[PDB]
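Novice: Let me begin by handing over the structure; questions about it come next.
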Amino acid sequence: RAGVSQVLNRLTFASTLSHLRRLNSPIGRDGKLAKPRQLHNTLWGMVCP
Amino acid sequence: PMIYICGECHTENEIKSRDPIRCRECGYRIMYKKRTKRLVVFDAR
Amino acid sequence: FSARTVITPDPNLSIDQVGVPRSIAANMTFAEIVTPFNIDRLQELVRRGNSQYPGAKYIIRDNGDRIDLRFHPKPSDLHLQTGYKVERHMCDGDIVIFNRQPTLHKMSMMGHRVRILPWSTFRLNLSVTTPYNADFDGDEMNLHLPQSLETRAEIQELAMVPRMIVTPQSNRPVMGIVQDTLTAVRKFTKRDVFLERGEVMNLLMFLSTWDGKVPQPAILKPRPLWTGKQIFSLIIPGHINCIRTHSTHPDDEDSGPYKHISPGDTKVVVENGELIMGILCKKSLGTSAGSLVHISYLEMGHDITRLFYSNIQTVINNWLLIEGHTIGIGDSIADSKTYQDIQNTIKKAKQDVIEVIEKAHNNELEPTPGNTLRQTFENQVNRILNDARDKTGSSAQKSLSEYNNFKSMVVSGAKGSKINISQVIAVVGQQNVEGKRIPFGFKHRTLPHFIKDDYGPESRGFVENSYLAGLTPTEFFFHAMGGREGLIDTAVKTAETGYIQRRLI
Amino acid sequence: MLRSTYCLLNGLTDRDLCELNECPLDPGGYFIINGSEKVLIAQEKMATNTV
Amino acid sequence: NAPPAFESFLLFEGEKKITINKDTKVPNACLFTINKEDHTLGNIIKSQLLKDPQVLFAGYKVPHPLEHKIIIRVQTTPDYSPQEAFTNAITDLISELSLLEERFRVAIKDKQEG
Amino acid sequence: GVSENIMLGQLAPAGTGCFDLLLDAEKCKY
Amino acid sequence: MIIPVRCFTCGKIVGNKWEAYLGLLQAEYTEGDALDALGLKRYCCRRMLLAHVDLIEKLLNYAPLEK
Amino acid sequence: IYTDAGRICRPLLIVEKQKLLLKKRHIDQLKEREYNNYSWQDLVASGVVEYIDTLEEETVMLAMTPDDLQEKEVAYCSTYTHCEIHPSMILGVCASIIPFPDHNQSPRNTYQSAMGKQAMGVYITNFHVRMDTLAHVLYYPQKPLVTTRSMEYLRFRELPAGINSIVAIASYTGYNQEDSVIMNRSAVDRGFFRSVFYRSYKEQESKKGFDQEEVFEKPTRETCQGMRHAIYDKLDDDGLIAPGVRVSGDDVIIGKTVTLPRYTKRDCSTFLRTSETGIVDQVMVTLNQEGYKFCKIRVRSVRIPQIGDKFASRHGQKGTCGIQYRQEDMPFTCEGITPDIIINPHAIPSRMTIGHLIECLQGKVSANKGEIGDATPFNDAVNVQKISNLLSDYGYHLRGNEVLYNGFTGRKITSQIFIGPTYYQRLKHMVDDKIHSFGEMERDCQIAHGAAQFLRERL
Amino acid sequence: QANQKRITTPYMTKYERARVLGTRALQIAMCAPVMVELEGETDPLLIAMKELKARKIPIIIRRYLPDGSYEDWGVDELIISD
Amino acid sequence: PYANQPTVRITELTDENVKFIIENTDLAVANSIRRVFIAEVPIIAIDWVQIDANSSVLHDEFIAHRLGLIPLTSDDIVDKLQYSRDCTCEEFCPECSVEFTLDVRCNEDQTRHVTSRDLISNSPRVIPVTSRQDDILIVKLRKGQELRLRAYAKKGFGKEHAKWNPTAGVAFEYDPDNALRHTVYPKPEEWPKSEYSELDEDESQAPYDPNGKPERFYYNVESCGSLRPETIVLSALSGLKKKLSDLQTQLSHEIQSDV
Amino acid sequence: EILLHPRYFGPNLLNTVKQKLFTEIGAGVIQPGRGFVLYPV
Ligand SMILES: [Zn+2]
Ligand SMILES: [Zn+2]
């Protein structure tokens, strides 16, 4: 597991707020079996479309 | 010699080469390089 | 020697020019051999040195030693004699290759002539955007300076932009007229366009090939008025003969009366280099085969066709300074009765889908041979809703006045299409994922807002609103679902850009 | 983690934060490691224990 | 890269304000190149020349908007010079503007003293 | 081969390299 | 930070109207009446005040480096 | 039943017997929230709102609004369990700054959500004490004239990132074709989109062995081997510049020798990272974790918008500048208003960013009425006809079109140009960061050209 | 091969035109005698194009056939089209 | 073949603006006149700044940018000053510049507004327009923050930089009832009537006049304060007339050599 | 193999290739990238 603990982006205030609320997908074993890039129906009200 | 300003109590203190950095009268460790006396000209543009 | 920076438009450059920052031109040098023909010029560049940009960076002697002119060497080594090489700074009229990644065909790397301009971007004329697939939202390009007379002559004779006008890939021109000039060309070439004496003389100031003689106006009395076709005929080179149809040319008009003397001016005829009749558009000045641009290259060659592109842009952009062009909220709005017709179409289309559902639910629906009942049902529903989209879309296109600025850009072919008009004004339509209607990602439903087993249009992603009316919240999400698929597909095909090319080569 | 309950900025008011030269609007929720602000991006995974 | 703003209107060392080239394409024609001028002087000189019935053609352009010069092309009838037309149009504009100036001064007083 | 001459930095036999030029000492007399 | 001296579009001085504008809002004017009372008729000048953010007030909360 | 961590959930209003449990008394109590003690916790504790996760949502019926609870001629659902609070809460931070996003093609909302992260503004208020390696702060940010209600919680009023600009959608001289933009030079002279760039340099003393150390001091040609044509006489005796010194490329900002194991010292001094002329803004000196002397120098340079610079509008319409015209040359209305920016109409029809057109209209109403316009999505109270009707009351053409006059000649333009105030963004990308002075696919093309002597000259 | 039994086309190719002009330009730059009255022209590449159109360039093109044989064509012997 | 003979009506005159009408001139002359109002009428503005101390929350060139935009009363002496490019002194002298001084320190416990009232100059003719109403805010100082600087104002015009533009809007109009049809309305009934419209309530346009030309031009010249609004106009007419007579001199010298 | 500088490519070309050889005739191949012509003798 890598690419966690990123440097906080300080370009603009909205950048900072969005970086503190960002989510990452599993690219490996499950990800290659999933359809992870599609906007699934169950993102409604949980994840920004 | 060099004059630096404490970042905490705002007092000046004189400091010299190789001298460790501590503020007199409050001990705080962050100093600022005052401001230059050489002239620079701006266009008001 | 190469350089890279952002590109910006410059409609006052020829298609074969590139506008180069003065700081880049100073950083790039070309080694010019000293001769009795140029020694006086090269000595001046040496005396100006690297200090003033029209100068030189090195003198290279027959010994191969280089007197570096950056760090101000003694005047007694500023002497030149025949056979020395002076590394002069790049100047107006130097030949460069100009390139944009990814390189996908030989028109991705073309010869241009340097013009040094103020400021810091590379400037290209806008016709050359299409070969490069370039635009000006942040793109950068590479400039390569050929370093020898031999490879300078190679690029001049083999690779300059005008020689690249026609591609052997498809025996077509790669450059059209584009954007403002194409929307302006169409407007300029309507019958309605009468130009006053002062306006004509202004436009003729930009026509670089013009022989200095003002044509007798199409109307002499009560007032001298020239037509737009009459000035555009001065742009068309030589004695070209061409026939085209304008994009709105009606199908019946070539068969009834008025085969000639076209009522809507929708039939283009060029004879003896003179535009007799017809509204010009993308069909006549674009990249398609047998366009007036294509025939100009075939009949007149590259050098004359270079001028043709340049004159179309410079005079007609200066005419658009009078006519103007815009788009606004007014163009996106239909009349009240158009909206009532659009709404009544949708209202019936939804009821038709409900009748299909009522038969399917009642088991009154019989499957089509070779299709499952689910395929039979989904085929019937998609037919109803796609017909409604197209019936509402034509109803929107009928609403648009001749003044409408969407229609002006669609009919010119400059930007947008009839479905963009339809989606802005009438109906965004069905949203699809993997070619199907929106999937039941929840158990037997697409969102928690719907009940289970809802196969109706709203449930499965039919956006019955236009972009002017704005989307409902479910429509907004289903339109984001369909738009994500297009973003994924773009990411996929941008991974393959050179893949098959690299393997084949 | 800055502005967590164990941070020295916790419960402070806009006046106190400006005395400390902190921005009152800064949300916290990050670490400072060797003077660099560090964010833990959340990691999606499959749920355990369910069949 | 950034030009000084005075580069738009101050002539550098050895520039001429005007240069007159005879147009070889056609008789009784000239090009005037005006350094360090823009649409402000181009458009009035052209429009005044279009009032002269012995002027057959008058037009102007700024060749490139990042460089600060005009070309004015004038064609006259035979036995009238395009240079004469250029001078005469300027004397007409100086007359019109000195008339307009005096009439604005009068209208100021009549507005201020009443 | 094209790549083979490129690896050695020689003129590729493609295009402008597919032929040779000789000085005509007879045309030089004029 | 601080109110622009000129309007960007037309050059009208607005850099002396911000304190008066705040006073008029304290007097329970609408923003519209306050802009009218200040003589900002063109919408390009009205937006110079209506959209201003006086962030210099927040920057003045921090104590200076040198006392 | 899941008590597990890491379940994503959202608050929803409870519905019972087709009625909200949220009553007027709860809103009354929440109105006094500054001095009455009532808060959101009391709304949860009263059982009026509920958190629901992504597979409890498999079991709810969600009303999208309490409209769905009203009696209807054909009843879709009679068994609603929950209601949405506001449908716009499906958006996140960067998508919540988009006005009228339900009027945009969805790919362009996605592009703004990435472009918003690159818009200059004021990133934080205490930026004077921060020694960030790179920061950009706008001189004159404005709040949007046209705003979403969610933008309140983003604190976008307090730290805005952009300026409301008078935008004409016009084909003017052609320098705005494709995605290029024309900007008013006279506005730029007045500080429109002007910004400053801060670059911070750290340097550190070290002790590498029994007789080799790095110390801050002013080098000199009579002692140091590593000296160059770089300039050292800007340094003080401590080996540091002071703030307020004007600096340029190959100026030394921190003089640092290392004693070597004619000469006796090597030079490891740090230079200005680019040739961009800046000014030293702050110099802080401290001790590191190891107790060695530690310096940070911050340099500032002002960045006036150039022809290369990139701008965007909140609707995915990014574009570089193409040229700048002074106010005399810009097109002008009867009232003498020139636009600040002219964008090309060819940016609009295939992208279908109609939200951009509605923003300009609502902004013109807002700047005249003197009232910031509500562009929240899914608001049935704001429609384009109603905005047009309001605009008519101020003596403007109801669709935002205006008669412009050509700046060069003063003639009316035959078309009436759409003009309105639009919130623009200056993006991080500037041409002064990028102006600089041949792989497999480039050789392949030069083979197809047959430019064999070029292909070997370039290799 | 002799002057007869030339089987290659009598036209100069574009690739030959490019290299002939490039090579002759460098010769003119290296003070090679110029075979035409230059009327104040000074760019060696425009002089080479002037010499090409005059058919005055003192160059022979050795064209190699895929059997390894070759034909020598004087530049003035080829049909020159640009 | 000759000059137009224009006439002026002045319909409104204040310290802030003139409304006037020019009749019987070309559109080209009318437009080049408004162009000179914006870009080629000289005024005085601060162009050189030296900052001796600045402890404010604004950086030095942020303050210097604001100082340049402060309008200075120019009416009497701007015609007297040489351009520095023409003056014989090294740097600046009274022939070419007006010296300014600012010294403020905040010592009270309450925010001090530094304003154009705090700018002081070497000569009483040439002062901030507001110092003769609220003053222009230069900066706000906290207790212990300080600002002292020396500046020089110089002659220039808006073609150099917008700070030397004397106008605060230039309204320009012609043919208010669109008889020339220089614009074409898709729906003429949707358009508001001009201030200068002469139509009745119901007719949306004048009928097309095929013989008409632009010949009555309506101006509202609003001053920013550096000049009185009616001396903006007179300076523009004098300046444009000078520009033309400069051409005629250099034009004559060429024709004196063409023959 | 004599190399001859282009300055000599006048009428006296063949005489010079001898006179130079007698100080230090085949087909003179022009070298790509250089003015010099290479004569084997
Ligand atoms: Zn201390
Ligand atoms: Zn304004």
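Ordering of the structure tokens sets the chain letters (A, B, ...); residue numbers start at 1 within each chain; ligands are numbered from 1 in the order shown.
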Counting only C-alpha atoms and all ligand atoms, name the residues that have an atom within 10 Å of an atom of ligand 2; the answer should be given as a PyMOL selection string.
Specialist: (chain G and resi 6-14+40-48) or (chain H and resi 336-338) or (chain J and resi 168-169)
Novice: What's the 8 Å shell around stretch 57-66 of chain J, counting only C-alpha atoms, without same-chain residues fewer than 3 positions away, as an MDAnalysis selection string?
Specialist: (chainID B and resid 42:45) or (chainID G and resid 4:5 56 59:60) or (chainID H and resid 139 191) or (chainID J and resid 49 51 54 69:70 138:139 141)
Novice: Write out as a ChimeraX atom specification which residues come within 9 Å of stretch 3-15 of chain B when counting only C-alpha atoms, dropping same-chain ones fewer than 4 positions away.
Specialist: /B:19-26,28-34 /G:64-67 /H:284-285
Novice: Any idea what the distance is between atom CA of residue C:240 and atom CA of residue C:273?
Specialist: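 Computing the Euclidean distance for atom CA of residue C:240 and atom CA of residue C:273 yields 4.6 Å.
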Novice: Could you pull out the helix (DSSP H, G or I) residues of chain G from DSSP and send them as an MDAnalysis selection string?
Specialist: chainID G and resid 18:26 31:37 43:50 56:59
